[PDB]
Every structure is written in C-alpha cells, then in structure tokens.
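For reference, the structure discussed in these notes is given below.
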Amino acid sequence: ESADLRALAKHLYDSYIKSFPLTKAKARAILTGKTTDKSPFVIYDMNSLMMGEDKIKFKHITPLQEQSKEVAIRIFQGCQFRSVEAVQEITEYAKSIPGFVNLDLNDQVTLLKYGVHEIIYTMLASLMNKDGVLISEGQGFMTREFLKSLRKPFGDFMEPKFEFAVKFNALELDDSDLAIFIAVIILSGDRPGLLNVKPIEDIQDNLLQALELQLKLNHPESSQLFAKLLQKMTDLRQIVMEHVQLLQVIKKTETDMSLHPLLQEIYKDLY
Amino acid sequence: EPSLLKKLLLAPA
Ligand SMILES: CN(CCOc1ccc(C[C@H](Nc2ccccc2C(=O)c2ccccc2)C(=O)O)cc1)c1ccccn1
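Protein sequence lines, in the order shown, are assigned to chains A and C.
Numbered as in the authors' numbering, the first sequence ends at 505 without a single skipped number.
Numbered as in the authors' numbering, the second sequence ends at 152 without a single skipped number.
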C-alpha cells in the first residue's frame, strides 16, 4: 500500500532532479537572494535585453540581438528556443515515470503531446514571482511589466502565466510535491486519441495516491491541499488553449515566424 | 513527417 507510494514519490523526485536543472528550490533561492550566486541579469526593456543577451541561452545562426530589429520577436525567438529544450526535459522525466515507457509508443507520444505545455506552465510558476520570471537557468530575470509591454499579441502571452503562477505559488508546493503532480498531468487517461486508456489510468491512479500521501505528509497544516491542487489542473488546460489562440494570431498575421518543428508537431491537431 | 516526439521518446538514457 503506502510503502511503495513513498518509494514512488522518492523515485520521481530523484528523476525530477535529474531532468530539470533549475528546480523550484534553486529558483526561490535566486529570487529571494538566499544564494551566493550573483543576482540574475534583469531584462526590463530593449536596452537591457540587448546587454543581457549573453545570459539568455540561445544557439542560432546569429546572436539573439540579430534575430530581428524588433524586441518582441527576439523575445519570441528566445522563448521558443527555451520551450524546445523544456519539451526535451519533460520527455526525459516522463520516461522515468514507472510504467510510462511500457505504454504503446503512440500513446506515449499522445500523453507528451497534450501534457508538455501543461507541465511547462506548471513549472514556469516555480521560476516566477509577481514581477517577473527567471530565464536561462536563472541567468536572467525578465520583468512581467516588460513582457506585458510587448506589442500585441506578443504582450499577451506571458501575463496569463503570471496570473496563474501567483495563485499556484500560493499552494507553496516544493519540488518533491511537483515531481508527482507533473507525473499526474502526463499520465492523463482522457487525452484525445489514446489507443489504450486502462494502463494509463492505472498508472495515474497510483501517482494520484502517492501525490495525496505526499501532500498530507509534506503539508500537514494544509488541509485539502490535494483537492486545491487538483482544481488547478483544469486551469492549465485553459492556459494551453488560450496560448494556442495567441500562436494562431502570430501565424495568421506575422511573416517568417514558423515554429520549431518540434513545437509544430506538438501543436498540429492539438484539440 | 517522422515524429520528433518519437525520436525523443526512443532516445536512450
Ligand atoms: C519567458 N521566458 C521563459 C520561458 O517562458 C516560456 C513560456 C511559454 C513556453 C511555451 C512556448 N511558448 C512560445 C513558443 C514559441 C514562441 C514564443 C512562445 C511564448 O510563449 C512567447 C511569445 C511571445 C512573447 C513571450 C513568450 C510554446 O508554446 O511552446 C515556454 C517557455 C523566456 C523568454 C525569452 C527568452 C527565454 N525565456
């Protein structure tokens, strides 16, 4: 019973640590200053983005600053670059969820396809405070105000993620809780087009029991925290769907802003 | 057309 659920929780946490370089613990230490590392470079405008380019991981044909003469598109390109790597991290993590790699490979694909952005948005909250988001493994802090100032639809992308994060961060989960929660998101048996749902739901039932136990043990003073966290899963879907519509605006109105093929594959026929 | 997600899922380690 609960014996293996504690082992599962620990296995997931260890895998999470292996898969995600910038944990919530590291990010909070940076965001609160409880680190001996130098303060992240604060990107709050065109000029600061130009000077902080060296802190935004970006490997391309030319430097980030030369991607466009326009700030919004530089941000778009750097964020796309990060998302591709985020997807790869989440995929590695997923493969460590017990049972996951034994599922139909086409179902593994489907679970990843519909789960990765929900997980990205969940984990982005770990990197956020009310005023901005850590970027490039905490190498840069991009202000919420700056992101909101970008011309439409560029300035509409991050604000719903900040609004989600402020409420989600109020739950005060830590990495050990998050490791099980994002496993629960991945193992969702109601993703469209799943070929064989029972094995997925069976895994998710175990993950849900380990999450509930983990939350009770780790947050004894937070009654119904499980119930509160479960109610956020549905918010993530709305964020994804709203993000899709914004990407659709980019696609219908901007030239030369095709997505990385991995993102195109994820988004193709999404919902 | 070959799935990039499949490539990532089949990659070892
Ligand atoms: C904001 N941030 C941290 C990572 O934030 C993420 C925020 C969202 C995502 C998901 C990802 N988003 C995009 C994908 C391609 C291009 C732009 C976006 C944006 O989301 C976007 C668009 C316009 C303005 C701002 C963002 C997706 O859908 O795959 C992944 C990561 C950045 C920003 C610039 C450089 C590096 N770090």
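Positions of the beta carbon are idealized from the N, C-alpha and C atoms, including for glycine.
Interface residue (Cβ-Cβ distance to chain C less than 9 angstroms): residue 329 (chain A) is classified as such. Beta-carbon to beta-carbon, residue 362 (chain A) and residue 417 (chain A) are separated by about 21 angstroms, too far to satisfy the 8 angstroms threshold. Your pair residue 309 (chain A) and residue 353 (chain A) does not check out as a contact, with CB atoms roughly 22 angstroms apart and the cut at 8 angstroms. Not a single CB atom of chain C sits nearer than 9 angstroms to the CB of residue 419 (chain A). Taken through DSSP and simplified to helix, strand or coil, residue 275 (chain A) comes out as strand.
Secondary structure note for residue 396 (chain A): its alpha helix (DSSP H) is the uninterrupted segment 393-403.
In the DSSP annotation of this structure, the continuous segment of the beta strand (DSSP E) that includes residue 376 (chain A) starts and ends at 374-377. One Cα belongs to residue 434 (chain A), the other to residue 270 (chain A), and the distance between them is close to 43 angstroms. The alpha-carbon of residue 496 (chain A) is positioned some 14 angstroms away from that of residue 344 (chain A). The three-state reading of DSSP puts residue 452 (chain A) in helix, counting H, G and I together. Taking CB atoms only, residue 500 (chain A) has a neighbour in chain C less than 9 angstroms away. Among the CB atoms of chain C, none fall inside 9 angstroms of the CB of residue 377 (chain A). Within 10 angstroms of the beta-carbon of residue 439 (chain A) lie fewer than 16 other beta-carbons, which makes it exposed. Put simply, of A:409, A:477, A:465 the residue whose alpha carbon is nearest the alpha carbon of residue 256 (chain A) is A:409. The beta carbon of residue 426 (chain A) sits no closer than 9 angstroms to any beta carbon of chain C. Per DSSP, the continuous beta strand (DSSP E) segment holding residue 368 (chain A) begins and ends at 366-369.
Collapsing the DSSP output to three states places residue 491 (chain A) in coil.
Around the beta-carbon of residue 243 (chain A), 16 or more other beta-carbon atoms lie within 10 Å, marking it buried. By the Cβ-count criterion, residue 378 (chain A) is buried, with 16 or more other Cβ atoms from all chains shown falling within 10 Å of its own Cβ. Under DSSP, the beta-bridge partners assigned to residue 363 (chain A) are A:366.
Here residue 441 (chain A) is not near residue 449 (chain A), since their CB atoms are 9 angstroms or more apart.
Taken through DSSP and simplified to helix, strand or coil, residue 245 (chain A) comes out as helix. 343, 346, 347: these are the residues of the segment 343-360 of chain A whose beta carbon lies less than 7 angstroms from some beta carbon of chain C, given in chain order.
The Cβ of residue 495 (chain A) sits closer than 9 angstroms to at least one Cβ of chain C. Between residue 392 (chain A) and residue 382 (chain A), the gap from beta carbon to beta carbon is short of 9 angstroms. Under the three-state reduction of DSSP output, residue 317 (chain A) falls in the helix class.
For a Cβ distance threshold of 8 angstroms, residue set 145, 148, 149 of chain C lies close to residue 339 (chain A), ordered along the chain.
Relative to ligand 1, the nearest heavy atom lies less than 8 angstroms away from the CB of residue 376 (chain A). In its chain, beyond the 5 residues on either side, 298, 312, 369, 370, 374 have a beta carbon closer than 7 angstroms to the beta carbon of residue 290 (chain A). Chain C has no Cβ within less than 9 angstroms of the Cβ of residue 478 (chain A).
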